[PDB]
file target-v9.txt (compact mmCIF, C-alpha atoms and all ligand atoms)
# COMPACT_ATOMS: atom_id res chain seq x y z
CA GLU A 13 11.24 -22.18 -12.95
CA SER A 14 7.93 -20.61 -13.92
CA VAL A 15 8.08 -18.28 -10.92
CA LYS A 16 11.80 -17.61 -11.39
CA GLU A 17 11.30 -16.57 -15.01
CA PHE A 18 8.25 -14.46 -14.18
CA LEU A 19 10.10 -12.57 -11.45
CA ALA A 20 13.22 -12.18 -13.62
CA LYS A 21 11.15 -10.52 -16.35
CA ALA A 22 9.37 -8.42 -13.75
CA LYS A 23 12.69 -7.15 -12.41
CA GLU A 24 14.06 -6.41 -15.89
CA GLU A 25 11.01 -4.34 -16.77
CA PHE A 26 11.08 -2.50 -13.43
CA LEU A 27 14.77 -1.66 -13.72
CA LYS A 28 14.38 -0.16 -17.19
CA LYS A 29 11.75 2.30 -15.92
CA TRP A 30 13.62 2.82 -12.63
CA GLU A 31 16.73 3.92 -14.45
CA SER A 32 14.88 6.28 -16.83
CA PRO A 33 11.84 7.65 -14.99
CA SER A 34 8.98 9.39 -16.73
CA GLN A 35 8.50 13.06 -15.86
CA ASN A 36 6.11 15.91 -16.59
CA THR A 37 3.44 13.95 -18.44
CA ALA A 38 0.41 16.24 -17.84
CA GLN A 39 -0.48 19.57 -16.24
CA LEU A 40 -3.05 20.70 -13.73
CA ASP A 41 -5.37 22.52 -16.13
CA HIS A 42 -5.90 19.30 -18.09
CA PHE A 43 -8.22 18.22 -15.24
CA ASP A 44 -11.42 19.32 -13.53
CA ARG A 45 -11.61 18.95 -9.74
CA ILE A 46 -14.53 16.84 -8.47
CA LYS A 47 -14.08 16.02 -4.77
CA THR A 48 -11.51 15.61 -2.02
CA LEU A 49 -11.10 11.89 -1.23
CA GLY A 50 -8.57 12.15 1.60
CA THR A 51 -6.27 14.53 3.41
CA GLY A 52 -3.02 14.44 5.34
CA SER A 53 -0.40 16.67 6.94
CA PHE A 54 1.35 17.44 3.62
CA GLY A 55 -1.10 16.57 0.87
CA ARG A 56 -4.49 15.34 -0.24
CA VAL A 57 -6.05 13.04 -2.80
CA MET A 58 -8.68 14.48 -5.14
CA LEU A 59 -11.05 12.88 -7.62
CA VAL A 60 -10.44 14.65 -10.94
CA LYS A 61 -11.74 14.25 -14.47
CA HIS A 62 -9.55 14.63 -17.54
CA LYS A 63 -11.10 17.35 -19.67
CA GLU A 64 -10.28 15.79 -23.05
CA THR A 65 -10.88 12.06 -22.42
CA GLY A 66 -13.48 12.21 -19.66
CA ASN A 67 -11.56 9.64 -17.62
CA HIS A 68 -11.59 9.88 -13.84
CA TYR A 69 -8.42 9.71 -11.78
CA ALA A 70 -7.26 10.04 -8.20
CA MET A 71 -4.78 12.92 -8.05
CA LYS A 72 -2.42 13.02 -5.09
CA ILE A 73 -1.28 16.61 -4.46
CA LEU A 74 1.70 17.20 -2.18
CA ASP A 75 2.66 20.68 -0.95
CA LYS A 76 6.39 21.04 -1.56
CA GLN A 77 7.00 23.35 1.40
CA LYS A 78 5.20 20.98 3.77
CA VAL A 79 7.10 17.97 2.40
CA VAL A 80 10.37 19.75 3.17
CA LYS A 81 9.23 20.80 6.65
CA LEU A 82 8.03 17.30 7.61
CA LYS A 83 11.28 15.79 6.24
CA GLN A 84 9.56 13.77 3.53
CA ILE A 85 11.67 14.79 0.49
CA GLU A 86 13.35 11.43 -0.13
CA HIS A 87 10.11 9.60 0.60
CA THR A 88 8.16 11.62 -1.98
CA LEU A 89 10.89 11.03 -4.57
CA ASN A 90 10.88 7.30 -3.72
CA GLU A 91 7.10 7.17 -4.09
CA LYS A 92 7.00 8.65 -7.56
CA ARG A 93 10.06 6.83 -8.89
CA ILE A 94 8.75 3.47 -7.67
CA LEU A 95 5.15 3.97 -8.78
CA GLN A 96 6.14 4.94 -12.30
CA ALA A 97 8.28 1.78 -12.58
CA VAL A 98 6.09 -1.00 -11.13
CA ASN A 99 3.45 -3.10 -12.90
CA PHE A 100 1.39 -5.71 -11.03
CA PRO A 101 -2.33 -6.58 -11.02
CA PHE A 102 -2.84 -5.46 -7.42
CA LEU A 103 -0.84 -2.20 -7.53
CA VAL A 104 -2.59 1.04 -8.46
CA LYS A 105 -1.38 2.43 -11.76
CA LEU A 106 0.28 5.84 -12.00
CA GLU A 107 -0.98 7.50 -15.18
CA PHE A 108 0.63 10.96 -15.04
CA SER A 109 2.95 12.99 -12.86
CA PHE A 110 4.06 16.62 -12.88
CA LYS A 111 4.93 19.50 -10.59
CA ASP A 112 4.35 23.25 -10.49
CA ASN A 113 5.56 26.17 -8.41
CA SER A 114 3.88 24.84 -5.26
CA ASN A 115 2.94 21.17 -5.54
CA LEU A 116 3.85 17.70 -6.70
CA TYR A 117 1.15 15.73 -8.49
CA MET A 118 0.69 12.00 -9.00
CA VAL A 119 -2.36 11.08 -11.07
CA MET A 120 -3.43 7.49 -10.46
CA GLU A 121 -6.27 5.22 -11.44
CA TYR A 122 -9.44 5.94 -9.47
CA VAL A 123 -10.82 2.94 -7.59
CA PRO A 124 -14.49 3.68 -6.79
CA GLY A 125 -15.03 0.83 -4.36
CA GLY A 126 -13.23 2.65 -1.59
CA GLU A 127 -10.92 1.50 1.15
CA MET A 128 -10.95 -1.97 2.63
CA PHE A 129 -11.05 -0.21 5.99
CA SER A 130 -14.57 1.12 5.36
CA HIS A 131 -15.90 -2.27 4.31
CA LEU A 132 -14.22 -4.06 7.21
CA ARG A 133 -15.69 -1.63 9.72
CA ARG A 134 -19.14 -1.80 8.11
CA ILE A 135 -19.26 -5.63 8.17
CA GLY A 136 -17.37 -6.04 11.46
CA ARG A 137 -15.00 -8.80 10.42
CA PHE A 138 -14.35 -10.83 7.30
CA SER A 139 -14.81 -14.60 7.24
CA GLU A 140 -11.57 -16.55 6.87
CA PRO A 141 -12.19 -17.26 3.15
CA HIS A 142 -12.77 -13.56 2.55
CA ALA A 143 -9.68 -12.53 4.51
CA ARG A 144 -7.70 -15.24 2.71
CA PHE A 145 -8.71 -13.92 -0.73
CA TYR A 146 -7.29 -10.49 0.15
CA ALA A 147 -4.28 -11.94 1.97
CA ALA A 148 -3.33 -14.00 -1.09
CA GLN A 149 -3.22 -10.85 -3.19
CA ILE A 150 -0.92 -9.19 -0.66
CA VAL A 151 1.36 -12.24 -0.57
CA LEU A 152 1.73 -12.13 -4.35
CA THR A 153 2.24 -8.37 -4.31
CA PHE A 154 4.98 -8.59 -1.67
CA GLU A 155 6.63 -11.44 -3.55
CA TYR A 156 6.75 -9.10 -6.55
CA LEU A 157 7.89 -5.99 -4.65
CA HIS A 158 10.52 -7.79 -2.59
CA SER A 159 12.00 -9.42 -5.71
CA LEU A 160 12.57 -5.88 -7.03
CA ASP A 161 14.36 -5.00 -3.75
CA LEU A 162 11.39 -2.86 -2.68
CA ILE A 163 9.94 -2.67 0.83
CA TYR A 164 6.41 -1.30 1.07
CA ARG A 165 6.29 -0.22 4.75
CA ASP A 166 2.69 1.00 4.91
CA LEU A 167 0.42 -2.03 4.82
CA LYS A 168 -2.91 -1.29 6.53
CA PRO A 169 -6.59 -1.47 5.50
CA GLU A 170 -6.83 2.22 4.56
CA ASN A 171 -4.20 1.69 1.83
CA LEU A 172 -5.99 -1.21 0.15
CA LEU A 173 -8.77 -0.15 -2.21
CA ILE A 174 -11.41 -2.53 -3.55
CA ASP A 175 -11.87 -2.39 -7.32
CA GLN A 176 -14.89 -3.02 -9.52
CA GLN A 177 -14.15 -6.78 -9.57
CA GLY A 178 -13.69 -6.97 -5.78
CA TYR A 179 -9.89 -7.27 -5.98
CA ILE A 180 -7.35 -5.20 -4.05
CA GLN A 181 -5.43 -2.23 -5.39
CA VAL A 182 -2.56 -1.22 -3.09
CA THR A 183 -2.19 2.56 -2.90
CA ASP A 184 0.08 5.00 -1.08
CA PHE A 185 3.74 4.29 -1.81
CA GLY A 186 4.80 7.22 0.38
CA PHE A 187 7.01 4.97 2.54
CA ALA A 188 8.08 2.48 -0.15
CA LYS A 189 11.80 2.27 -0.78
CA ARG A 190 14.32 0.39 -2.88
CA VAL A 191 16.58 -1.28 -0.31
CA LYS A 192 19.56 -3.60 -0.73
CA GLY A 193 19.94 -5.06 2.74
CA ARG A 194 18.77 -2.92 5.64
CA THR A 195 17.15 0.46 6.10
CA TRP A 196 16.58 2.53 9.22
CA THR A 197 13.81 5.13 8.88
CA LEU A 198 11.09 5.24 11.53
CA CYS A 199 7.91 5.23 9.48
CA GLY A 200 4.65 3.38 9.19
CA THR A 201 1.54 3.32 11.31
CA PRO A 202 1.86 2.34 15.01
CA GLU A 203 -0.44 -0.69 15.06
CA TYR A 204 1.41 -2.21 12.09
CA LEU A 205 5.04 -1.59 13.07
CA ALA A 206 7.33 -4.59 13.48
CA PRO A 207 9.36 -4.79 16.71
CA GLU A 208 12.64 -4.08 14.94
CA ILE A 209 11.27 -0.73 13.70
CA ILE A 210 10.15 0.21 17.22
CA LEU A 211 13.57 -0.75 18.58
CA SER A 212 15.41 1.44 16.02
CA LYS A 213 17.22 -1.44 14.34
CA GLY A 214 18.30 -1.79 10.76
CA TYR A 215 15.46 -3.72 9.24
CA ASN A 216 14.53 -5.40 5.98
CA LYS A 217 11.55 -6.82 4.07
CA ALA A 218 10.60 -8.91 7.11
CA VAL A 219 8.71 -5.86 8.39
CA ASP A 220 6.23 -6.25 5.51
CA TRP A 221 5.56 -9.88 6.50
CA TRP A 222 4.96 -8.78 10.10
CA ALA A 223 2.50 -6.19 8.83
CA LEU A 224 0.73 -8.90 6.81
CA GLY A 225 0.23 -10.81 10.06
CA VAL A 226 -1.31 -7.70 11.61
CA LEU A 227 -3.55 -7.19 8.56
CA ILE A 228 -4.77 -10.79 8.48
CA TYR A 229 -5.51 -10.68 12.20
CA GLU A 230 -7.41 -7.42 11.80
CA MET A 231 -9.40 -8.68 8.80
CA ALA A 232 -10.43 -11.87 10.61
CA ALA A 233 -11.02 -10.38 14.09
CA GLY A 234 -12.22 -6.89 13.17
CA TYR A 235 -9.52 -5.21 15.29
CA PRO A 236 -5.73 -5.36 15.22
CA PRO A 237 -3.77 -7.56 17.62
CA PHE A 238 -1.93 -4.71 19.38
CA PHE A 239 -4.20 -1.81 20.37
CA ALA A 240 -4.08 0.93 22.99
CA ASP A 241 -4.88 4.59 23.49
CA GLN A 242 -1.25 5.74 23.28
CA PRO A 243 1.40 4.57 20.78
CA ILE A 244 3.90 3.76 23.55
CA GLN A 245 1.38 1.29 24.99
CA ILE A 246 0.92 -0.26 21.54
CA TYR A 247 4.69 -0.56 21.20
CA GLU A 248 5.03 -2.30 24.57
CA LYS A 249 2.52 -4.91 23.37
CA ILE A 250 4.24 -5.35 19.99
CA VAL A 251 7.68 -6.02 21.47
CA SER A 252 6.36 -8.34 24.22
CA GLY A 253 6.09 -11.51 22.13
CA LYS A 254 2.49 -12.10 23.30
CA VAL A 255 -0.63 -12.16 21.13
CA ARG A 256 -4.10 -13.43 22.01
CA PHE A 257 -6.37 -14.90 19.37
CA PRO A 258 -10.17 -14.95 19.27
CA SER A 259 -11.59 -18.42 19.86
CA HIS A 260 -13.32 -18.30 16.46
CA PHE A 261 -9.96 -18.29 14.65
CA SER A 262 -9.13 -21.61 13.04
CA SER A 263 -6.10 -23.49 14.28
CA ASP A 264 -4.46 -23.02 10.88
CA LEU A 265 -4.98 -19.25 11.08
CA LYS A 266 -3.48 -19.10 14.58
CA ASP A 267 -0.45 -21.06 13.43
CA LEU A 268 0.15 -18.83 10.40
CA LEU A 269 -0.20 -15.71 12.54
CA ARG A 270 2.24 -16.97 15.19
CA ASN A 271 4.80 -17.34 12.39
CA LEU A 272 4.14 -13.93 10.80
CA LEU A 273 3.88 -12.14 14.19
CA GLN A 274 7.17 -13.63 15.27
CA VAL A 275 9.10 -10.99 17.19
CA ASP A 276 12.45 -12.54 16.20
CA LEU A 277 12.82 -11.43 12.59
CA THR A 278 15.25 -14.29 11.91
CA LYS A 279 12.41 -16.78 12.61
CA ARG A 280 9.60 -14.90 10.86
CA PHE A 281 7.79 -16.45 7.90
CA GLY A 282 8.74 -14.67 4.70
CA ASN A 283 12.30 -14.15 6.00
CA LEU A 284 13.50 -17.78 6.18
CA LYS A 285 15.49 -19.71 3.60
CA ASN A 286 12.31 -20.76 1.76
CA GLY A 287 11.10 -17.15 1.57
CA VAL A 288 7.52 -16.62 0.47
CA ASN A 289 6.96 -20.35 -0.07
CA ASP A 290 6.67 -20.93 3.69
CA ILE A 291 3.59 -18.70 3.48
CA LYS A 292 2.17 -19.95 0.19
CA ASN A 293 2.47 -23.58 1.34
CA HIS A 294 0.99 -23.03 4.78
CA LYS A 295 -2.18 -25.01 5.53
CA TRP A 296 -4.22 -21.82 5.93
CA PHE A 297 -3.65 -21.22 2.19
CA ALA A 298 -4.34 -24.83 1.13
CA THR A 299 -7.50 -23.81 -0.77
CA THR A 300 -5.77 -20.92 -2.58
CA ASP A 301 -5.15 -21.24 -6.33
CA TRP A 302 -2.27 -18.78 -6.58
CA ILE A 303 -2.29 -18.63 -10.40
CA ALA A 304 -6.05 -18.08 -10.51
CA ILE A 305 -5.72 -15.20 -8.01
CA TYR A 306 -2.94 -13.60 -10.05
CA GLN A 307 -5.01 -13.98 -13.24
CA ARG A 308 -8.07 -12.50 -11.49
CA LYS A 309 -10.16 -15.57 -12.33
CA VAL A 310 -11.50 -16.17 -8.80
CA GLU A 311 -14.93 -14.74 -8.02
CA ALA A 312 -14.48 -12.16 -5.29
CA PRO A 313 -16.20 -12.25 -1.87
CA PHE A 314 -18.09 -9.05 -2.70
CA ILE A 315 -18.28 -6.36 -5.32
CA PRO A 316 -18.51 -2.85 -3.88
CA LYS A 317 -21.70 -0.99 -4.62
CA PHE A 318 -21.17 2.08 -6.78
CA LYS A 319 -22.98 3.67 -9.69
CA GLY A 320 -20.17 4.39 -12.11
CA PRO A 321 -16.56 5.40 -12.55
CA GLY A 322 -17.13 8.84 -11.01
CA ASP A 323 -19.17 7.74 -7.99
CA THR A 324 -17.65 8.84 -4.66
CA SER A 325 -20.23 7.23 -2.35
CA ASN A 326 -17.61 4.83 -0.92
CA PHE A 327 -15.37 7.70 0.22
CA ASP A 328 -16.05 10.16 2.98
CA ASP A 329 -16.51 13.91 3.16
CA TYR A 330 -13.73 16.44 3.71
CA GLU A 331 -13.62 20.22 3.70
CA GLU A 332 -13.00 21.38 0.13
CA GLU A 333 -9.90 23.59 0.11
CA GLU A 334 -8.16 25.53 -2.69
CA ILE A 335 -5.36 24.08 -4.86
CA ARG A 336 -3.27 27.22 -4.87
CA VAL A 337 -0.20 27.55 -7.05
CA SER A 338 2.25 30.26 -6.00
CA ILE A 339 3.38 32.89 -8.49
CA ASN A 340 6.94 31.96 -7.44
CA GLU A 341 8.67 28.59 -7.58
CA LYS A 342 9.14 26.87 -4.21
CA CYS A 343 11.78 24.26 -3.39
CA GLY A 344 12.85 23.83 -7.01
CA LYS A 345 16.21 22.26 -6.23
CA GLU A 346 14.89 19.72 -3.72
CA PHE A 347 12.43 18.26 -6.26
CA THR A 348 14.48 18.47 -9.47
CA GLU A 349 14.18 14.74 -10.16
CA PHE A 350 10.40 14.59 -9.67
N1 LIG A 401 -9.04 6.84 -3.98
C1 LIG A 401 -8.20 6.32 -4.88
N2 LIG A 401 -8.68 5.77 -5.91
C2 LIG A 401 -6.76 6.42 -4.60
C3 LIG A 401 -6.44 6.85 -3.32
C4 LIG A 401 -5.12 7.06 -2.95
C5 LIG A 401 -4.10 6.84 -3.86
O1 LIG A 401 -2.81 7.07 -3.48
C6 LIG A 401 -4.40 6.40 -5.14
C7 LIG A 401 -5.72 6.19 -5.50
call {"tool": "encode", "arguments": {"input": "target-v9.txt", "output": "structure tokens", "more": "lines below"}}
Ligand SMILES: N=C(N)c1ccc(O)cc1
result
Amino acid sequence: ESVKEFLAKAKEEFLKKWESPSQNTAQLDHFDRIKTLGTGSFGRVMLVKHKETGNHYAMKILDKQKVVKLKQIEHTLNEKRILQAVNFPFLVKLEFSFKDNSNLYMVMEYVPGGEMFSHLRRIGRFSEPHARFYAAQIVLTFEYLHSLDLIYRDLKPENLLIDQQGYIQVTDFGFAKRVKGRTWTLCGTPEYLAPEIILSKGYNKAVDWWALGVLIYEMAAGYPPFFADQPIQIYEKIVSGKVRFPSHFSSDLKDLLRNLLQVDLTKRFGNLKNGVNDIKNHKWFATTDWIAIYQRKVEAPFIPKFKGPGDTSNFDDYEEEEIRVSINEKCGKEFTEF
């Protein structure tokens, strides 16, 4: 009943914001640009500083014309509408959003510890306790998102930032969607795609549980379970129903992963009648205090090294390009609801 009532309140609060989204809550010249933190085919993320408060933020800037060209309109509207409505300890907070003649802007909390990906690659692999600490946070986050009828669809180490307490903050809702039943879009990252996405089926939240299996494997091994030089070769491995485990994996870890990396979605943990409880009650999680994780009372495996809220040492270096705003409005109609 405790979990039922928690998730019922969570859904009520989400739906109120979902139905009446916030809009136009800052503007670009309220911020100073500090550094580019990441780049993609239609946008970038920039460390900015608010000129009046001095607070640092990560500002995601999407070029409207590129969003249209790369057929990402609905996805960008999903991302903003979802992010402004969610509230969970392991989800990055959206603080402002706005648009101008050229771009869409989402201003989010800045997490100076950087991406899990960097730390994983620096250390090689995480011990099982360390992987389990992060995995537990993802399990709770997916329990929350799925109870709101949301599918995340982009779980991977680059989208999980490590905060000042060593806890995860999930970023990048670009593929997240509110789904009743099935959805069909081909999206994600090749190594993390569930078989039913590769096979062009209508799929559901089970794809997030598959991706959790991939993430746990990668955290504990140092490399993902399905790897190859070309995506088609990765996809052949994903659909095959075969996975090999390093000998150092515990038996409990192997068993959990066989049930998350189950090619038959109707047999996959997280998608059975007992839902998330098949995962939470698995022996690999026997040492996990779920409430203590949620309350952020567990001491983390490591605290990232950084000097202060504006330090960018844990992020890498990108060419610094202009944020140009056209004199003329672009794509106004397509982005009316943003
Ligand atoms: N670097 C960050 N703190 C960050 C990155 C991406 C994002 O979508 C949100 C926040």
call {"tool": "residues_around", "arguments": {"input": "target-v9.txt", "residues": "residue 64 in chain A", "least_positions_apart": "4", "cutoff": "12 Å", "atoms": "only C-alpha atoms", "output": "PyMOL selection string"}}
result
chain A and resi 38+41-44+68
call {"tool": "closest_residue", "arguments": {"input": "target-v9.txt", "among": "A:264, A:230, A:166, A:17", "to": "ligand LIG 401 (chain A)", "atoms": "only C-alpha atoms and all ligand atoms"}}
result
A:166
call {"tool": "residues_near_ligand", "arguments": {"input": "target-v9.txt", "ligand": "ligand LIG 401 (chain A)", "cutoff": "10 Å", "atoms": "all atoms listed in the file", "output": "number ranges by chain"}}
result
A: 48-51, 56-59, 68-73, 91, 103-106, 118-127, 170-175, 181-186, 324, 326-327
call {"tool": "write_last_selection", "arguments": {"input": "target-v9.txt", "atoms": "C-alpha atoms", "output": "PDB file, keeping the file's coordinate frame"}}
result
ATOM      1  CA  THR A  48     -11.510  15.610  -2.020  1.00  0.00           C
ATOM      2  CA  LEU A  49     -11.100  11.890  -1.230  1.00  0.00           C
ATOM      3  CA  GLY A  50      -8.570  12.150   1.600  1.00  0.00           C
ATOM      4  CA  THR A  51      -6.270  14.530   3.410  1.00  0.00           C
ATOM      5  CA  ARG A  56      -4.490  15.340  -0.240  1.00  0.00           C
ATOM      6  CA  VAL A  57      -6.050  13.040  -2.800  1.00  0.00           C
ATOM      7  CA  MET A  58      -8.680  14.480  -5.140  1.00  0.00           C
ATOM      8  CA  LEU A  59     -11.050  12.880  -7.620  1.00  0.00           C
ATOM      9  CA  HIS A  68     -11.590   9.880 -13.840  1.00  0.00           C
ATOM     10  CA  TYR A  69      -8.420   9.710 -11.780  1.00  0.00           C
ATOM     11  CA  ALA A  70      -7.260  10.040  -8.200  1.00  0.00           C
ATOM     12  CA  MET A  71      -4.780  12.920  -8.050  1.00  0.00           C
ATOM     13  CA  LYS A  72      -2.420  13.020  -5.090  1.00  0.00           C
ATOM     14  CA  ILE A  73      -1.280  16.610  -4.460  1.00  0.00           C
ATOM     15  CA  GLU A  91       7.100   7.170  -4.090  1.00  0.00           C
ATOM     16  CA  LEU A 103      -0.840  -2.200  -7.530  1.00  0.00           C
ATOM     17  CA  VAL A 104      -2.590   1.040  -8.460  1.00  0.00           C
ATOM     18  CA  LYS A 105      -1.380   2.430 -11.760  1.00  0.00           C
ATOM     19  CA  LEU A 106       0.280   5.840 -12.000  1.00  0.00           C
ATOM     20  CA  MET A 118       0.690  12.000  -9.000  1.00  0.00           C
ATOM     21  CA  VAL A 119      -2.360  11.080 -11.070  1.00  0.00           C
ATOM     22  CA  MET A 120      -3.430   7.490 -10.460  1.00  0.00           C
ATOM     23  CA  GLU A 121      -6.270   5.220 -11.440  1.00  0.00           C
ATOM     24  CA  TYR A 122      -9.440   5.940  -9.470  1.00  0.00           C
ATOM     25  CA  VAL A 123     -10.820   2.940  -7.590  1.00  0.00           C
ATOM     26  CA  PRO A 124     -14.490   3.680  -6.790  1.00  0.00           C
ATOM     27  CA  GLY A 125     -15.030   0.830  -4.360  1.00  0.00           C
ATOM     28  CA  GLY A 126     -13.230   2.650  -1.590  1.00  0.00           C
ATOM     29  CA  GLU A 127     -10.920   1.500   1.150  1.00  0.00           C
ATOM     30  CA  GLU A 170      -6.830   2.220   4.560  1.00  0.00           C
ATOM     31  CA  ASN A 171      -4.200   1.690   1.830  1.00  0.00           C
ATOM     32  CA  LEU A 172      -5.990  -1.210   0.150  1.00  0.00           C
ATOM     33  CA  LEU A 173      -8.770  -0.150  -2.210  1.00  0.00           C
ATOM     34  CA  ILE A 174     -11.410  -2.530  -3.550  1.00  0.00           C
ATOM     35  CA  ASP A 175     -11.870  -2.390  -7.320  1.00  0.00           C
ATOM     36  CA  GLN A 181      -5.430  -2.230  -5.390  1.00  0.00           C
ATOM     37  CA  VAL A 182      -2.560  -1.220  -3.090  1.00  0.00           C
ATOM     38  CA  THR A 183      -2.190   2.560  -2.900  1.00  0.00           C
ATOM     39  CA  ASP A 184       0.080   5.000  -1.080  1.00  0.00           C
ATOM     40  CA  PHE A 185       3.740   4.290  -1.810  1.00  0.00           C
ATOM     41  CA  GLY A 186       4.800   7.220   0.380  1.00  0.00           C
ATOM     42  CA  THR A 324     -17.650   8.840  -4.660  1.00  0.00           C
ATOM     43  CA  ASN A 326     -17.610   4.830  -0.920  1.00  0.00           C
ATOM     44  CA  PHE A 327     -15.370   7.700   0.220  1.00  0.00           C
TER      45      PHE A 327
END
call {"tool": "atom_distance", "arguments": {"input": "target-v9.txt", "atom1": "CA of residue 269 in chain A", "atom2": "CA of residue 294 in chain A"}}
result
10.7 Å
call {"tool": "axis_aligned_box", "arguments": {"input": "target-v9.txt", "around": "range 148-153 of chain A", "padding_each_side": "3 Å", "output": "AutoDock Vina command-line options"}}
result
--center_x -0.5 --center_y -11.2 --center_z -2.5 --size_x 11.6 --size_y 11.6 --size_z 9.8
call {"tool": "residues_around", "arguments": {"input": "target-v9.txt", "residues": "residue 267 in chain A", "least_positions_apart": "6", "cutoff": "12 Å", "atoms": "only C-alpha atoms", "output": "short mmCIF file (atom, residue, chain, number, x, y, z; two decimals) with C-alpha atoms, in the frame of the given file"}}
result
data_model
loop_
_atom_site.label_atom_id
_atom_site.label_comp_id
_atom_site.auth_asym_id
_atom_site.auth_seq_id
_atom_site.Cartn_x
_atom_site.Cartn_y
_atom_site.Cartn_z
CA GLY A 225 0.23 -10.81 10.06
CA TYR A 229 -5.51 -10.68 12.20
CA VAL A 255 -0.63 -12.16 21.13
CA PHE A 257 -6.37 -14.90 19.37
CA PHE A 261 -9.96 -18.29 14.65
CA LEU A 273 3.88 -12.14 14.19
CA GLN A 274 7.17 -13.63 15.27
CA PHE A 281 7.79 -16.45 7.90
CA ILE A 291 3.59 -18.70 3.48
CA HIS A 294 0.99 -23.03 4.78
CA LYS A 295 -2.18 -25.01 5.53
CA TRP A 296 -4.22 -21.82 5.93
CA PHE A 297 -3.65 -21.22 2.19
#
call {"tool": "residues_around", "arguments": {"input": "target-v9.txt", "residues": "range 20-34 of chain A", "least_positions_apart": "5", "cutoff": "6 Å", "atoms": "all atoms listed in the file", "output": "list in words"}}
result
residues 97, 98 and 160 of chain A
call {"tool": "atom_distance", "arguments": {"input": "target-v9.txt", "atom1": "CA of residue 129 in chain A", "atom2": "CA of residue 234 in chain A"}}
result
9.9 Å
call {"tool": "closest_residue", "arguments": {"input": "target-v9.txt", "among": "A:196, A:235, A:110, A:102", "to": "residue 348 in chain A", "atoms": "only C-alpha atoms"}}
result
A:110
call {"tool": "closest_residue", "arguments": {"input": "target-v9.txt", "among": "A:250, A:237, A:332, A:148", "to": "residue 293 in chain A", "atoms": "only C-alpha atoms"}}
result
A:148
call {"tool": "atom_distance", "arguments": {"input": "target-v9.txt", "atom1": "CA of residue 318 in chain A", "atom2": "CA of residue 330 in chain A"}}
result
19.3 Å
call {"tool": "closest_residue", "arguments": {"input": "target-v9.txt", "among": "A:157, A:132, A:343, A:246", "to": "residue 79 in chain A", "atoms": "all atoms listed in the file"}}
result
A:343
call {"tool": "decode", "arguments": {"input": "target-v9.txt", "residues": "range 132-141 of chain A", "atoms": "N, CA, C and O atoms", "output": "PDB file, in the first residue's frame"}}
result
ATOM      1  N   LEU A 132      33.159   5.096 -15.923  1.00  0.00           N
ATOM      2  CA  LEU A 132      33.252   3.678 -16.239  1.00  0.00           C
ATOM      3  C   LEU A 132      34.484   3.395 -17.092  1.00  0.00           C
ATOM      4  O   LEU A 132      35.236   2.450 -16.836  1.00  0.00           O
ATOM      5  N   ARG A 133      34.712   4.210 -18.110  1.00  0.00           N
ATOM      6  CA  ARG A 133      35.852   3.975 -18.985  1.00  0.00           C
ATOM      7  C   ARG A 133      37.172   4.255 -18.288  1.00  0.00           C
ATOM      8  O   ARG A 133      38.181   3.614 -18.607  1.00  0.00           O
ATOM      9  N   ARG A 134      37.193   5.218 -17.363  1.00  0.00           N
ATOM     10  CA  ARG A 134      38.411   5.505 -16.614  1.00  0.00           C
ATOM     11  C   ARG A 134      38.771   4.353 -15.682  1.00  0.00           C
ATOM     12  O   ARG A 134      39.932   3.936 -15.627  1.00  0.00           O
ATOM     13  N   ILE A 135      37.783   3.805 -14.968  1.00  0.00           N
ATOM     14  CA  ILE A 135      38.035   2.733 -14.003  1.00  0.00           C
ATOM     15  C   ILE A 135      38.092   1.352 -14.654  1.00  0.00           C
ATOM     16  O   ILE A 135      38.696   0.433 -14.088  1.00  0.00           O
ATOM     17  N   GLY A 136      37.477   1.177 -15.818  1.00  0.00           N
ATOM     18  CA  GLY A 136      37.450  -0.093 -16.508  1.00  0.00           C
ATOM     19  C   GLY A 136      36.111  -0.787 -16.342  1.00  0.00           C
ATOM     20  O   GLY A 136      35.358  -0.963 -17.300  1.00  0.00           O
ATOM     21  N   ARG A 137      35.822  -1.220 -15.124  1.00  0.00           N
ATOM     22  CA  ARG A 137      34.518  -1.771 -14.796  1.00  0.00           C
ATOM     23  C   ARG A 137      34.216  -1.395 -13.355  1.00  0.00           C
ATOM     24  O   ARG A 137      35.111  -1.022 -12.590  1.00  0.00           O
ATOM     25  N   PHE A 138      32.934  -1.443 -13.013  1.00  0.00           N
ATOM     26  CA  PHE A 138      32.504  -1.237 -11.646  1.00  0.00           C
ATOM     27  C   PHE A 138      32.363  -2.587 -10.954  1.00  0.00           C
ATOM     28  O   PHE A 138      31.936  -3.559 -11.561  1.00  0.00           O
ATOM     29  N   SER A 139      32.698  -2.650  -9.670  1.00  0.00           N
ATOM     30  CA  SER A 139      32.410  -3.847  -8.876  1.00  0.00           C
ATOM     31  C   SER A 139      30.893  -4.073  -8.848  1.00  0.00           C
ATOM     32  O   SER A 139      30.106  -3.167  -9.124  1.00  0.00           O
ATOM     33  N   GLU A 140      30.462  -5.281  -8.513  1.00  0.00           N
ATOM     34  CA  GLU A 140      29.027  -5.534  -8.463  1.00  0.00           C
ATOM     35  C   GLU A 140      28.294  -4.623  -7.469  1.00  0.00           C
ATOM     36  O   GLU A 140      27.234  -4.130  -7.805  1.00  0.00           O
ATOM     37  N   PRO A 141      28.844  -4.368  -6.270  1.00  0.00           N
ATOM     38  CA  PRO A 141      28.138  -3.438  -5.372  1.00  0.00           C
ATOM     39  C   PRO A 141      27.965  -2.062  -5.987  1.00  0.00           C
ATOM     40  O   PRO A 141      26.918  -1.435  -5.833  1.00  0.00           O
TER      41      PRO A 141
END
